[PDB]
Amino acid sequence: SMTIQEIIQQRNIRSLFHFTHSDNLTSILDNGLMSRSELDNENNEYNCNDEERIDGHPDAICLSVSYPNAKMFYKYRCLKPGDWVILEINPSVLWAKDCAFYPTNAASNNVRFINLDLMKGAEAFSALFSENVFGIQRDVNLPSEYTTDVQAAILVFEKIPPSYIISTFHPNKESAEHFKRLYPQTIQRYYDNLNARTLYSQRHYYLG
């Protein structure tokens, strides 16, 4: 029945997110987001986080709806030193590009074996907001735009040109200003400190 667009409308979704290490941001702002396979095709340099990609979709770019995958992002920030950024991306990508919609992390046993063609389109997208996603329960007070499971993923099977990046969030002012001078036509945001509710927080904390 309902299209992806109408779900977005109804739920007040305004942001997809992609976390990446600042080391990557220049290349992403110049060339846009690309998959592992595509980065290797052109043998581009990149700083990656998940080596094996058990999701089995290295030709896909991983995004989140309305909030980062706080778990996996936190895990990755504990390993590699340095600044991490969060790209804010036009929700239009969900229909303008070939996307699969997973209601939890895509490498999960609960969804990894499902026929990929069944993960595309509005039915699959809608599954991200169920009351119960494999035992992960949606609080009645969770706002509409948030996935039930914070690790719900969008796998985007084509390049995302940099025009689809509506803003970038920085962990501090110096980072933002550095990239603003390099890319003055882009919006580069920052937090004073991370001792606040930020997109670097755990989601329950952020929304509490």
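In this text, residue numbers run from 1 along the sequence as written.
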**Message:** When the Cα temperature factors in the entry are averaged, is it 63-71 or 178-186 that ends up higher?
**Reply:** 178-186
**Prompt:** Comparing 49-57 with 155-163, which has the greater mean CA B-factor as deposited?
**Reply:** 49-57
**Prompt:** Per the entry, which of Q10, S15, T20, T198 tops the list for Cα B factor?
**Reply:** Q10
**Prompt:** Within this chain, which third does the Cα B-factor at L79 fall in: lowest, middle or highest?
**Reply:** highest
**Prompt:** Considering only modelled residues of the same chain, in which third does the CA B-factor of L33 rank: lowest, middle or highest?
**Reply:** middle
**Complete:** Among the modelled residues of its chain, the C-alpha B-factor of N172 falls in the third labelled middle
**Item:** Ranked against its chain, the third holding the CA B-factor of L142
**Value:** middle
**Item:** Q202, C-alpha B-factor rank within chain (lowest, middle or highest third)
**Value:** lowest
